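[1] here we go, the starting part of the complex in its complex frame:
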Amino acid sequence: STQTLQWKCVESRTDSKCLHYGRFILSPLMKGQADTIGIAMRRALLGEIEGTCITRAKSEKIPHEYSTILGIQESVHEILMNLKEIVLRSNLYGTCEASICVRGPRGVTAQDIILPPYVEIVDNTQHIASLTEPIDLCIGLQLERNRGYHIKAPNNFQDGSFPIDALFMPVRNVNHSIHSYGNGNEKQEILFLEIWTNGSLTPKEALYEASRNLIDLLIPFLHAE
């Protein structure tokens, strides 16, 4: 009889290519609903959305992880560490392959990656390698889409296939607040949400996926048995 539930986006800043922020508001929520919505949405956003990333890097003519290469200022382990931060997008479950074959004194960035048709990078200037002298540099990579943090074994040696324990975190941070509405006798409350993502997704999409994963999870009970 009094008002209807409304939700809207009140702010969205693009601080950088791989960092996006978004604040949202909900309208006349009666008691108890706001806390449940806020806590469920925070948990879902922190641990339900899935984001693809590089999981295994294969290099040519390299003995081990802690080795040096002529003409490269960055050690191999440094290259793995720098390679873990590359952000990617996809929507299909399954592992894929990728490669990077670059010449010598260039300076290698994230735009030098070669990607399958359905995978694209979001930032295009993330430093991944620095080159000084002319040496042909060829590295193969594997891309995977999982949920949450996963740790992999060092198996599948080949010449060298170093597995990077990539973190599947598309949402950097989440916050919420439950204010008061002062609706006379009836106690209403205003709920504010706040999402920081890393550019793999965007607000109003991470929120969508996080709501849908939750409504996935709550569902078995509706069926009888």
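    The structure has been received and is ready for your questions. Numbers count the residues shown, from 1 in each chain, chains lettered A, B, ... in the order given.

[2] contacts for the helix or strand harbouring residue A:54?
    Residue A:54 belongs to strand A:51-59 when assigned by DSSP states H and E. Around strand A:51-59, the neighbours that count as contacts under CB atoms under 8 Å, 6 or more residues apart in numbering are A:76, A:79-80, A:83-84, A:86-90, A:95, A:98, A:119, A:138-145, A:152, A:156, A:158-164, A:166-170, A:198, A:200-201. C-beta here means a position set from N, CA and C on the backbone, and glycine is covered the same way.

[3] list the ones among those residues that fall in helices.
    In this view, those that belong to helices under DSSP state H are A:76, A:79-80, A:83.

[4] which of these sits closest to residue A:35?
    Of all the ones in helices among the contacts of strand A:51-59, residue A:35 sits closest to residue A:83, with 40.9 Å by CB to CB.

[5] against residue A:57, how distant is that closest one?
    6 Å (CB to CB, to the nearest Å).

[6] shared neighbours of these two, anything?
    Here residue A:83 and residue A:57 have A:141, A:164 as joint contacts, going by CB under 8 Å, 6+ apart.

[7] what's the residue closest to the geometric middle of chain A?
    By CA atoms, centre = their mean, chain A has its centre lying nearest to residue A:170, at 2.2 Å.

[8] spell out which residues sit in contact with that one, please.
    A:49-51, A:197-198, A:200-201, A:206.

[9] between the two ends of stretch A:193-203, how far is it?
    Stretch A:193-203 has an end-to-end distance of 10 Å (CA to CA, to the nearest Å).

[10] ok, residues contacting it?
    With CB under 8 Å, 6+ apart, stretch A:193-203 has contacts from A:9, A:12, A:16-26, A:38, A:41, A:45, A:49, A:51-52, A:87-89, A:122-123, A:169-177, A:206-207, A:209.

[11] which ones among the residues you listed lie within helices?
    Counting by DSSP H, the contacts of stretch A:193-203 place A:38, A:41, A:45, A:206-207, A:209 in helices.

[12] so how far is the strand holding residue A:54 from its chain's centroid?
    Put simply, strand A:51-59 sits 13 Å off its chain's centre (CA atoms, centre = their mean, to the nearest Å).

[13] quick one: it to helix A:76-83, angle?
    Between the axes of strand A:51-59 and helix A:76-83, defined by axes from the mean of the first three to the mean of the last three CA atoms, to 10 degrees, the angle is 160 degrees.

[14] name the strands paired with strand A:51-59 and say parallel or antiparallel.
    Take DSSP bridges as the rule and strand A:51-59 pairs in its sheet with strand A:137-146 (antiparallel), strand A:161-163 (antiparallel).

[15] list the buried residues for the last one?
    If I follow you right, that is strand A:161-163. A:162-163 (16 or more other CB atoms under 10 Å).

[16] okay, chain B goes in next:
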Amino acid sequence: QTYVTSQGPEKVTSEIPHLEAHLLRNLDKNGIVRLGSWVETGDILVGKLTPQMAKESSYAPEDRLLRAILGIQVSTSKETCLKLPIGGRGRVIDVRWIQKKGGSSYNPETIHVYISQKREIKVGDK
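    With chain B now in place:
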């Protein structure tokens, strides 16, 4: 290290009689594991065929029964190798092989193997 016994100066080799080949998968042709191998616990790093006595008389009757009933051959070389202890897993980052140079004509060779390990922070750390 290696020593000069009565029979022989503990010859270094890449193969050991009646030793599991899986335990020698990372062993190089010279006899020392090469770089990059993900050596686990119980894996041989350096294996030297110490010349064992031809002591069939000293061999236990159980050993003789095992070698005769199952056809296991009788060898005169002791099982001498640098087996990795419990834990200590990792990736070989450096190998060193040296010998002796002095008045003695025999050169006991000493081998150093450097096994690194990237250890995270887990329950029980301080």
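
[17] the contacts of residue A:170 with chain B there, same question as before?
    Going by CB atoms under 8 Å, 6 or more residues apart in numbering or on different chains, residue A:170 touches A:49-51, A:197-198, A:200-201, A:206.

[18] could you do residue B:15 as well?
    Counting by CB under 8 Å, 6+ apart, residue B:15 makes contact with residue B:24.

[19] against residue B:49, how distant is it?
    Using CB to CB, residue B:15 is found at 8 Å from residue B:49.

[20] and stretch A:43-53, what's buried?
    Within stretch A:43-53, the residues scored as buried using 16 or more other CB atoms under 10 Å in any protein chain shown are A:44-45, A:48-53.

[21] which of these sits closest to chain B?
    Nearest to chain B among the buried residues of stretch A:43-53: residue A:53, at 18.8 Å, using CB to the nearest CB.

[22] with adjacent residues omitted, what lies nearest to residue B:7?
    Once flanking residues are discounted, residue B:7 sits nearest to residue B:51: 3.6 Å by CB to CB, 6 or more residues apart in numbering or on different chains.

[23] same question, residue A:60
    Among residues not flanking residue A:60 along the chain, residue A:138 sits closest, at 5.1 Å (CB to CB, 6+ apart).

[24] neighbours around that neighbour, how many?
    Residue A:138: 12 surrounding residues under other CB atoms under 10 Å in any protein chain shown.

[25] show me what contacts residue A:5?
    Applying CB under 8 Å, 6+ apart, we find residue A:5 in contact with A:26-29.

[26] and what of residue B:109?
    By CB under 8 Å, 6+ apart, the residues touching residue B:109 are B:1-2, B:12, B:97-99.

[27] cross the residues you listed against helices and list the overlap.
    Judged by DSSP H, the subset of those located in helices is empty.

[28] my guess is the residue nearest to residue A:60 meets residue A:99, correct?
    Yes. Using CB atoms under 8 Å, residue A:138 is in contact with residue A:99, at 7.3 Å.

[29] overlap in contacts of these two?
    Residues touching both residue A:138 and residue A:99 by CB under 8 Å, 6+ apart: none at all.

[30] enumerate every residue touching the residue nearest in space to the middle of chain B.
    Closest residue to the average C-alpha location of chain B: residue B:81 at 1.8 Å, with CA atoms, centre = their mean. Neighbouring residues of residue B:81 by CB under 8 Å, 6+ apart: B:16, B:44-48.

[31] same thing but 6 Å
    Neighbour list for residue B:81: B:44, B:47 [criterion: CB atoms under 6 Å, 6 or more residues apart in numbering or on different chains].

[32] again, but for residue A:99
    Neighbour list for residue A:99: A:114, A:140 [criterion: CB under 6 Å, 6+ apart].

[33] and it, how far from chain B?
    Going from residue A:99 to chain B by CB to the nearest CB, to the nearest Å gives 22 Å.
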